[PDB]
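Novice: here's my sequence, what's the structure:
(3 chains, ligands or ions: 8)
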Amino acid sequence: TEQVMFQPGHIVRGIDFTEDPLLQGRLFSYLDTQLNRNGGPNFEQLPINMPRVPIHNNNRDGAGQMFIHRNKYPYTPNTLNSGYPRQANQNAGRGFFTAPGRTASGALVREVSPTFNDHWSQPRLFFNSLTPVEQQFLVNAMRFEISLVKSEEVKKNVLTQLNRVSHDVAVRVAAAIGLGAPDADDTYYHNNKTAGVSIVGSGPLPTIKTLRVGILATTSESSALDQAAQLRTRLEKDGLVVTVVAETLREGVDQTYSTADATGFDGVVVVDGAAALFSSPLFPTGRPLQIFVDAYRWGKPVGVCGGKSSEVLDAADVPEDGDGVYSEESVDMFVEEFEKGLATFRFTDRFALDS
Amino acid sequence: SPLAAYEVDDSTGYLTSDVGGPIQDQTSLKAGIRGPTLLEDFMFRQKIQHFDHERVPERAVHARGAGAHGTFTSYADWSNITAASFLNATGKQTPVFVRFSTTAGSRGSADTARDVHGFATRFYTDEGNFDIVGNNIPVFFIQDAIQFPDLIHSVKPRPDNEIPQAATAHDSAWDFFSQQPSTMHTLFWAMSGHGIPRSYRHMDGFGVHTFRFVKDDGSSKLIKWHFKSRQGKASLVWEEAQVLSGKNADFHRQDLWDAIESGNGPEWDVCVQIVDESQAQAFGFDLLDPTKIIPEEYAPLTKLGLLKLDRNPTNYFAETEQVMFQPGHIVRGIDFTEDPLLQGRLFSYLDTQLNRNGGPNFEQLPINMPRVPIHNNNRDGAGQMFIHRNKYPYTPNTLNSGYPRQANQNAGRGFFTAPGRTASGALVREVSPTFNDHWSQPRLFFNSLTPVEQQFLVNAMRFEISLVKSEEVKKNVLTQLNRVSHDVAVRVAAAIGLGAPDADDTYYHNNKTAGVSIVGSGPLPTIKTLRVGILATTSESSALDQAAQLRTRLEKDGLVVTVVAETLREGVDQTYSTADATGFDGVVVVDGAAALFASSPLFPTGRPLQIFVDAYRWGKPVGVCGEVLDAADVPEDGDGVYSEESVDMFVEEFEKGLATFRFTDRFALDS
Amino acid sequence: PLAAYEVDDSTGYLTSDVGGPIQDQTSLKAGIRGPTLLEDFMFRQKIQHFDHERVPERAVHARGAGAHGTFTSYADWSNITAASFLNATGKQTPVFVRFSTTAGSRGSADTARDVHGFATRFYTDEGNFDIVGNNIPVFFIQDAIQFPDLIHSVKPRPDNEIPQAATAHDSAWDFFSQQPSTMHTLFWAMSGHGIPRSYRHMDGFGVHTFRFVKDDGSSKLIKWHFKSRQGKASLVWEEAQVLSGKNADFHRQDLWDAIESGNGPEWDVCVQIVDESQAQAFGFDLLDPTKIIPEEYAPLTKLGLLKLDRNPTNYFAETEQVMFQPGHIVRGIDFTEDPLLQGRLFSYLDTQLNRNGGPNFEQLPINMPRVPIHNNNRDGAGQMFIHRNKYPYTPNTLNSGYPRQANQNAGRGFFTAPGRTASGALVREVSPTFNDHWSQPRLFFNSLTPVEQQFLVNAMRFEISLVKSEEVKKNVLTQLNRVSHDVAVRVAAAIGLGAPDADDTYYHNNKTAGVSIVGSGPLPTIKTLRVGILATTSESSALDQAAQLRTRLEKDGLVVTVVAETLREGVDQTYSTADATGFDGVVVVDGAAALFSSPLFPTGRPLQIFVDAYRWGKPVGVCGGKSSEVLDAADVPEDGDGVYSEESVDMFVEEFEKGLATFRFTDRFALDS
Ligand code: HDD
Ligand code: HDD
Ligand SMILES: [Ca+2]
Ligand SMILES: [Ca+2]
Ligand SMILES: [Ca+2]
Ligand SMILES: [Ca+2]
Ligand SMILES: [Ca+2]
Ligand SMILES: [Ca+2]
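Specialist: Numbering: from 1, shown residues only, chains lettered A, B, ... in the order given. Ligands and ions are numbered 1, 2, ... in the order given. The coordinates are given below.
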């Protein structure tokens, strides 16, 4: 991993570049920068960088040279090595070749093409294509970052640009930073949308295998560990990664509350045998409940398995009828419902919207 | 062998990038047929980036040198004197790589500079790589490694103008020698024919330092390494070496390359002098002092095994340029001594490879790899070529079951420090008083040379010191030379028009030692590979006839024969224009060519005669086969001058001349 | 000039690099005969430094030497270029120049046969401007992508790394014969231009066509020619070979000494100027770096004077570390679409990463500009600057928009010539306008004198006779034959092959001025030329004669060496260290006639110095009146051109100095019939 040295210049017959001026300059950078990383010119000889076919060329020497070349006439044209290696091109040896229809014409210029000039219509196309809660998240990310910018001039300049994409975005961001948005400039505004760029609107996940389920349990109650064990069996059958959490480790418990956090799980289930937990020298005050509350606040499916849910759900201020909130006595029924919630992935109804 | 696995064959196939994509590399990609080159031309940039980065720093010393592969074969099971595995059975073979070199010149400097020469040998043993990084001279200039940059700055070019290349013939070098009297012993060696050996194959190798051989029972003895040439000892003469430097800067590397290709790979007996620990100061000097030899009269040589070089490298850069020797590459059964020069070398050779390689994984280069598995917790670093499977690379561990396990005297055939070694006393930056005699051994050496050999050494000093500008440095030089020998100080002073200081007999003596003289070492034990230049003409069918008959008689005896004429044709190897006496160990004129020795657009005026005269002047066997001796002012009754009409009689005499190698009666001596 | 970076060590106690006073002569040991301690930081810092002194040699032109100087403009050149260093009569700009061979490594000999570098940095008031040129005005190849092929072929064979600093081997001649573009440069390299007498006696050429660009945007096509004020002069091959052994440092020593003696070398910096419309008007393509513009079509314009007059203080820091780039360009100059130049622009920025080990190589003193730097380049290994601006991005408001963009209309920016265009397909194809590889090599050959043509034939005979492959030798003859049938026959004769039948497609009888060395007339100055006076200590009168001659010769700025058997007052060198390659002329004092055996020098040495000097074409003579003993022993005719015999010291010197200006007496060399 550390030594792999990628290059867009690693191209093969059948593919070619275009005159995108960002691409064009990348071709230079990635060959040059490996000299810095490797400290020498033979970086293509590192195992991870070697090809899976023979190499025939007249590159020689350099620090770290791992090959012993037999050909003592490494120049072209030669007769003393019978003209080998042979030149490869479109018509011989499956050579790389530049697409032969490509041309250039005109002055040699350090000028930007005016065809590149619209910087704002596509940002607006993207923004239009997000769902309402998704738009809020994006606005909230800009509110977070721009609020940390100390320069009032920079913040003003940021609103001028945002406003060219969307007046509404500029207004909503402006609100968090106590500035006024500039007046609407509609040159690049439009209502068009495009498919396939929204995350929130891309539907339930097509698989839940590998998703993480934290089962919050206790060692106080033999019944809580038995519930956790039955739940584990039923959930592992479906390829979910189960972590049972309790105050201390023992057979069948994976993690202590001291080390557990909601960020470690895609869904959180409390076994009702553990209801009393929801102070110890064994974990920070309020840790078990905090894991559940965090999971709920962040949009994750959450539930209580065993039949008695109101004590846990009330302590967490989580409504029993909420979408992505589950309560069943039946392990089988619980898992069926909960797995739908894992595919939904995020319950976006739990997030406030600008009015 | 790690080397075979890394060989790359390019005798067939289409050109590819370094990642296997077929490409071309002859024309840049351009915007139009007369347009500017495009940045998107990855074929151009990958090829030119490689070229731009081909060079690595040359070695800080011994930058000029050449290498070969071979084998070392043990003569015996040496368990009685060392635990070393490569020496533990009669007939045991270990692959070797040797690099020979000069010391001061940069990597493109001439082979035939006057200098100390390196002789570095790696044994790829079955218990790890073992290097003996030696020189052709058994003693070194300085007594403490911390002084190495002082010595080297002083002999390398002056740092304002970088003049002169590959030469001690300048003020700074003689200033250092004259201020630092430890230098005298090596200076005397370097000013003798040992400074200008005939080839890498005609010199010995020495470890220089006292080392230890350590047995499995923990006991130790003190040793010196001496690699003894089976080709014999031979030198150039200085005027010849100077011309050779210009005519063929590659003379020694070519000589070695050719000897191997012709099935005449050079051989050395690897030997040691072995003495007891109790004898560290028994011989009148301290065995920790790298400026002293053990005279062979006090400790004879034991022959351990045969070193033979018999395969040239495939890629000089990959193998010769990249080989990274270290005296730290040591194996169980060998230990260090407290020689302060050796002690500091241990640090320098591990560090300097970082400069050369540009990263820490230099031991992974094929030429540096061992021939046994590597098990350790060294990780990462630029240019990491391994993928380690052990994800717990720390000791002590349980998560990898405690592997790799520690090796030591009693486990895993570990290296161990000789357990009889101790240290005692204050922590000091002081020189031992036992190191103080800087002059008796230089005198011993000088006493052991033949009279004309002594004359050559005097003349080398006369040559160099006459090029020192500073009158003060020259006077300081004579002061030191005088402490070795009043006669040397007098004779050198005569050349520079200064007066030698009065005799100071503190360190004068008349003792001699065997095995250090080149001239005195007798005729060469073999003449195979030696070079005979036959000077012929195309203007005579007789001349090319006589040449061809000689060629048959000389070639079946293993000699390398070059027939020289005005222009090339069948049977002619070299034109007069490219020929020079430095190219031959003996020169023969066929009498059918006599008119050439009396102008041509095909070679410089007087070239044929000059070859013959130079060869004579430089002491080589010379002869006419069939006025040539008159034209050359060469006495027909001179030793090593041959004149016969019989082809077989000429060759028999001439080949005795080749064994004698140099006819030293042709050189004037001081009265 | 770089005074600000100098470190003086003429006084003081030894310190570490962090200024702690220390010693550095004895290691710290556990006991007087004990092992060395790891805690000895004095030892480790000194040895670590030494262990890391070396840097990679340049990939080409590794062997070279440099000096500082000044360029002075002769006019305000505003009417043809916006270049600031050229904008006023007498305007001065500091320079640094490095001269070099091309193929050999560090330590190889100065007097190898090779193309030579002549790289000049102008530290101008609008940025560093480098002209990275050679002593030969044409290059071997037509596209930069071929450079590694050319260089691999001429450098040592990569199995054994033989031979050093030489094109005399199979691979080089294989390449030349398979790549016929190489013919023009090859003919230059095989002439005396491959073995110049010194860096001061050769010219410098930019090789490529460049552009001069006026402030109004208009451009003209130019070629740079730096014309030596010392004259042109070469060695003879046989002399070059001996000198390579006797003094590998000959060119660097010559330059160093000329500067120290107040004889710093000079060149007129010139250009040929032509219109954009004349790119294909001269019967070849100006984008083709294998072609010259004959001076009969475009005369030289003298822009200013380049004089080198100060030697470096530290060779490594200054000469070894100087990192030239043709991308060091200034407003008023632009590139052309020469495909060899085009690729160079990439190579010289990249290769300094290898040499320097990191990206801040422009910070080394020798590479720094003499104006302020304002940019957003940051960090990198060895960063010496402490940048104040904490907003190094454009566009910014937080640093008020600085640094400001510079361009044609603001801030005296560099700008690409605005009349330049490109058209057509993206192609890896060679222009057919580049296809004539042979007519200009013939033009060059035709322009040499007869003995000069012989010398070039003899260089080829020498090198090609060392090529082992009979297929390569035949292919070589094929190519030489396309330039000249006569060249091919004469070369063939030495290698015992037959030349192929004449192929007259490219044959012609045109000549051009200014390329011949032999034909360039006597040297305009003899200052710095070397005269060896061969004398003896046997006769106090020979020393007297030598002293008199010295006084008379030194008065005219010649460097005089008196040689005798042994050193004493008045004697500079002994016979043992003397050689004819050390002198431009040789005089024997007639009191020393007897020397023409000793333990003090090799047999025949005094005579050999004289005979060598004669056979290599140098002025030689005997001063005093008794000359026949010496001249007869040397087989030198008393009536020979360049052979002097006079009793009168004054008269001897007058005649001898005319001979030093003639420099070489070419009538001593045999010619093919
Ligand atoms: C403390 C510094 C120091 C000292 C005192 C010595 N050397 Fe050393 N030597 C080096 C520091 C060094 C080095 C800088 O580390 C080199 C440069 C390249 C390398 O691998 O190590 C080296 C290279 C080197 C080579 C070249 C190996 C090769 O061919 O690649 C030989 C033969 C020697 N040395 C031999 C000796 C001998 C016989 C010494 C005295 C007994 C000696 N050196 C003292
Ligand atoms: C595309 C590769 C390439 C090509 C086609 C050339 N060169 Fe170059 N040259 C280099 C790649 C290079 C280099 C590898 O980048 C060097 C090595 C060290 C350096 O700084 O640049 C260099 C060094 C170098 C030096 C040494 C500068 C110094 O003293 O430090 C000179 C004088 C030249 N070159 C001159 C030329 C001329 C007159 C050329 C043809 C017109 C030429 N080069 C073509
Ligand atoms: Ca000096
Ligand atoms: Ca000798
Ligand atoms: Ca590095
Ligand atoms: Ca070759
Ligand atoms: Ca000439
Ligand atoms: Ca521009």
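
Novice: and the helices in chain A?
Specialist: Per DSSP state H, chain A carries helices over the ranges A:21-38, A:121-128, A:132-146, A:152-165, A:167-177, A:222-236, A:287-297, A:310-315, A:331-344.

Novice: residue C:23: which of those is closest?
Specialist: The minimum distance between residue C:23 and these falls on helix A:21-38, with 39.2 Å, by C-beta to C-beta. No exception for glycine: its C-beta is placed from N, CA and C like everyone else's.

Novice: is the closest one anywhere near ligand 5?
Specialist: No. Counting by C-beta under 5 Å from the ion, ligand 5 has no neighbours in helix A:21-38; the shortest distance is 8.9 Å.

Novice: name the residues of that helix that are buried.
Specialist: Residues A:26-27, A:31, A:34-35, A:38 are the ones in helix A:21-38 that count as buried (16 or more other C-beta atoms under 10 Å in any protein chain shown).

Novice: residue contacts, residue A:170?
Specialist: For residue A:170, the contacting residues are A:159, A:162-163, A:181-182, by C-beta atoms under 8 Å, 6 or more residues apart in numbering or on different chains.

Novice: which of those sits closest to ligand 1?
Specialist: Checking the contacts of residue A:170 against ligand 1 with C-beta to the nearest ligand atom, the nearest one is residue A:162 at 62.6 Å.

Novice: distance of the closest residue to the closest one other than its chain neighbours from ligand 4?
Specialist: Leaving aside its sequence neighbours, residue A:162 sits nearest to residue A:170 (C-beta to C-beta, 6 or more residues apart in numbering or on different chains; 4.5 Å). Distance, residue A:170 to ligand 4, using C-beta to the ion, to the nearest Å: 94 Å.

Novice: swap in residue A:252?
Specialist: According to C-beta to the ion, residue A:252 and ligand 4 sit 90 Å apart.

Novice: I'd say that residue and residue A:226 touch.
Specialist: No. With contact defined as C-beta atoms under 8 Å, residue A:252 does not reach residue A:226; the gap is 9.5 Å.

Novice: joint contacts of these two?
Specialist: By C-beta under 8 Å, 6+ apart, no residue touches both residue A:252 and residue A:226.

Novice: what parts of chain A come near ligand 5?
Specialist: residue A:39.

Novice: for ligand 3, what is the nearest residue in chain A?
Specialist: Closest contact between chain A and ligand 3, by C-beta to the ion, is at residue A:63 (32.7 Å).

Novice: I'd like to know how many residues surround that residue.
Specialist: Residue A:63 has 25 neighbouring residues, counting by other C-beta atoms under 10 Å in any protein chain shown.

Novice: list the contacts of it.
Specialist: Counting by C-beta under 8 Å, 6+ apart, residue A:63 has contacts A:39-42, B:53, B:56, B:356-359, B:383.

Novice: next up, the contacts around the residue nearest to it when sequence neighbours are not counted.
Specialist: Distances taken as C-beta to C-beta, 6+ apart place residue A:40 nearest to residue A:63, at 3.6 Å, with adjacent residues excluded. Contact partners of residue A:40, counting by C-beta under 8 Å, 6+ apart, are A:62-64, B:53, B:357-359, B:382-383.

Novice: coming back round to it: so of the helices of chain A, which one's packed in deepest?
Specialist: Comparing these by mean neighbour count (mean count of other C-beta atoms under 10 Å in any protein chain shown), helix A:287-297 ranks first with a mean of 21.

Novice: how far is that one from where the chain is centred?
Specialist: 24 Å (C-alpha atoms, centre = their mean, to the nearest Å).

Novice: go ahead and confirm residue A:210 touches residue A:239.
Specialist: Yes. Assessed by C-beta under 8 Å, residue A:210 is found in contact with residue A:239 at 6.8 Å.

Novice: follow-up on the earlier one: farthest-apart pair in the contacts of residue A:170, please.
Specialist: A:162 and A:182 (9.4 Å).

Novice: so what's residue A:242 bridging to?
Specialist: Here residue A:242 sits in beta bridges with residue A:213, going by DSSP bridges.

Novice: give the contact list for it.
Specialist: By C-beta under 8 Å, 6+ apart, the contact set of residue A:242 is A:213, A:215, A:231-232, A:235-236, A:254.

Novice: list the contacts for residue A:143?
Specialist: A:172-173, A:175-177.

Novice: separation between it and ligand 4?
Specialist: In this view, residue A:143 and ligand 4 are 91 Å apart by C-beta to the ion.

Novice: residue of chain A closest to ligand 1, please.
Specialist: For chain A, C-beta to the nearest ligand atom, closest residue to ligand 1: residue A:63, 14.5 Å.

Novice: make JSON lines out of the helices of chain A and add distance to ligand 6.
Specialist: Below are those laid out as JSON lines (distance: least, C-beta to the ion, whole Å):
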{"stretch": "helix A:21-38", "distance to ligand 6": "31"}
{"stretch": "helix A:121-128", "distance to ligand 6": "61"}
{"stretch": "helix A:132-146", "distance to ligand 6": "65"}
{"stretch": "helix A:152-165", "distance to ligand 6": "65"}
{"stretch": "helix A:167-177", "distance to ligand 6": "71"}
{"stretch": "helix A:222-236", "distance to ligand 6": "71"}
{"stretch": "helix A:287-297", "distance to ligand 6": "75"}
{"stretch": "helix A:310-315", "distance to ligand 6": "87"}
{"stretch": "helix A:331-344", "distance to ligand 6": "72"}
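
Novice: measure stretch A:52-62 end to end?
Specialist: End-to-end span of stretch A:52-62 (C-alpha to C-alpha, to the nearest Å): 22 Å.

Novice: what are the buried residues along it?
Specialist: Within stretch A:52-62, the residues that count as buried by 16+ other C-beta under 10 Å are A:55-62.

Novice: from those residues, which single one is nearest ligand 4?
Specialist: Proximity of these to ligand 4 (C-beta to the ion) peaks at residue A:61, which lies at 38.1 Å.

Novice: look up phi and psi at the nearest residue to that closest one once chain neighbours are set aside.
Specialist: Computed as C-beta to C-beta, 6+ apart, the closest residue to residue A:61 that is not its neighbour in sequence is residue B:54, at 4.0 Å. Backbone torsions of residue B:54, given as degrees, to the nearest 10, read phi -70, psi -30.

Novice: dump the residue contacts of residue A:353.
Specialist: Residue A:353 sits next to A:132-133, A:136 when contact means C-beta under 8 Å, 6+ apart.

Novice: could you check how far it is from ligand 8?
Specialist: Distance, residue A:353 to ligand 8, by C-beta to the ion: 51 Å.

Novice: roughly how far apart are that residue and ligand 4?
Specialist: 101 Å.

Novice: cool, and residue A:163?
Specialist: Between residue A:163 and ligand 4 the distance is 93 Å, computed by C-beta to the ion.

Novice: same check, this time on residue A:49
Specialist: Residue A:49 sits 54 Å away from ligand 4, going by C-beta to the ion.
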